[PDB]
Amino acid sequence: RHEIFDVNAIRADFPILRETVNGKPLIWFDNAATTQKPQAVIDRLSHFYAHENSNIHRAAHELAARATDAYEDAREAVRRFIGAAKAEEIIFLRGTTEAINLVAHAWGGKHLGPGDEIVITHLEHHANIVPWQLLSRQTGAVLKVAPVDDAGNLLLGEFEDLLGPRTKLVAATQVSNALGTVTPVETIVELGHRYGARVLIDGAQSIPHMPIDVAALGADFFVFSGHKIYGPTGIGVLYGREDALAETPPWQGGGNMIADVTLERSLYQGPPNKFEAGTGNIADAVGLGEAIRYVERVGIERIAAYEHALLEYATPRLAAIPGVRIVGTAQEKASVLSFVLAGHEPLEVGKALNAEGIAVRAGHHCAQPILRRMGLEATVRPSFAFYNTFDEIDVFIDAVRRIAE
C-alpha cells in the first residue's frame, strides 16, 4: 500500500478516525495540539511489550539484546529522518519542552552572563519563551524579540538589526503553532552564525509538515515532539551538533549518563549517554521509530504537497464567511488556519464545532505574545494533517457559516 498517495487508503490506517462524536463522524482538526496514530505504531508498542521488553545492554541476556536492538534502531530512524550526521547527535527525552529546557539550563548556564543577548522571534510557543526568561533572570542575559508584520511574516531586516557583538544565542521556531507561519530558517541560522551565536530551531510543527535536513541547515540545536508526528506521547528529541553538545555540560544526573561513580566524584560518559539519565523511555522511542517509518512510506514531500492543497482550499472559503477574520496570512504557511468571528467568543465557536463532531482548539494555543501582537486573546485554530479531507473541510465551512448566520 501507499505506493500512490490516496487519502482514503491513508485514513484507513488510523483507527480513531472511525470514532463517533455526538452521533456524528469525528473530524480531527486539532493536529497542532496532537496527532492521531496509525495502527502500525499502536501495534509496535504492543509487540515491544509482549516480545522485547527489557532494559538495554545487549550483553546482559536475550531480551536485553532485543530491546537494545530496537532502541538503537529507533535512534537511527530519527538520525536518518532528520539528516543528522551521527546517531550520537540524537538525544531522547520527553519532548520539545524538555529539550529546550535542557539547552537553556545546561548550555545557557555555562555560556551566558550579564548583558549577553538571546534573540527569539515573536512567533514562539511558550516552550521557547519561558526557559529563556528563567535563564535570563538567572544569568543577567538580555532577551530580544524579533518582530513580525501583521500577516505574521518574520521581518528579516529587523531580525538582522537585533544581532550584534553581544548575541550569543538565537532560538527560533520553524513553524508557528498559532499562526502557521513558516520562517526562513536557513537565513536565520546563517545570520546567527555570522554574529557568532549558536542557533536553536524549534521544529515541533515543522517536522510533521516539511522535510528536515539539519546537517544541510547547520542549526546547532533542533527539537521536536513525537506525539505531533503520529508517534507515542512521552517521547521527543534534541538534536545537537557534535561540537555544540561537546560544549554542553550534563543536565540531569544518575544512571546511564555516568562512566564511573564514587561517593566523592563521578565521571560522565560522552553523548548521547551524557544527556540521558536513568532508564530511557524505550517503548515509546521504538514506537516513534515506527511512526517515522510510516511517514517515510507515505513520503514527507507528498504529505507537504497534500496538506498545502488542503490549506489553499480551506483558507478562501473560510475567509469568505461574513464576520470571519483570518489570523496569520504569512507568505508561506503549514497546516494551521487561525481565525476569529465577529460577535462570537472563540471558545463558543469551538464548542459548537465539537457539537458537529469537529475537534479544534479555541484559546491562546500556548502562544499568548503572538496573539497579543495580533490584538487578540484567543483564536479558533483548525489545523490540518494528511489524513484530513476536503469533504471534512466542507463540513467545517458549513458549520462556521451556520454559526455566523
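Residue numbers here begin at 1 and follow the sequence given.
Stretches 265-273 and 159-167 differ in mean CA B factor, with 159-167 having the higher one. If you average the C-alpha B-factors over 218-226 and over 318-326, the higher value belongs to 318-326. Across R44, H365, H344, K37, the greatest Cα temperature factor reported in the deposited entry is at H344.
In the PDB entry, a CA B factor belonging to the lowest third of its chain's modelled residues is recorded for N31. Looking at the C-alpha B-factors along this chain, the one for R94 belongs to the lowest third. In the deposited entry, the Cα temperature factor of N153 sits in the top third of values across the chain's modelled residues.
Split the chain's modelled residues into thirds by C-alpha temperature factor. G234 is in the lowest one.
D243: CA B factor lies in the highest third for its chain, per the PDB record.
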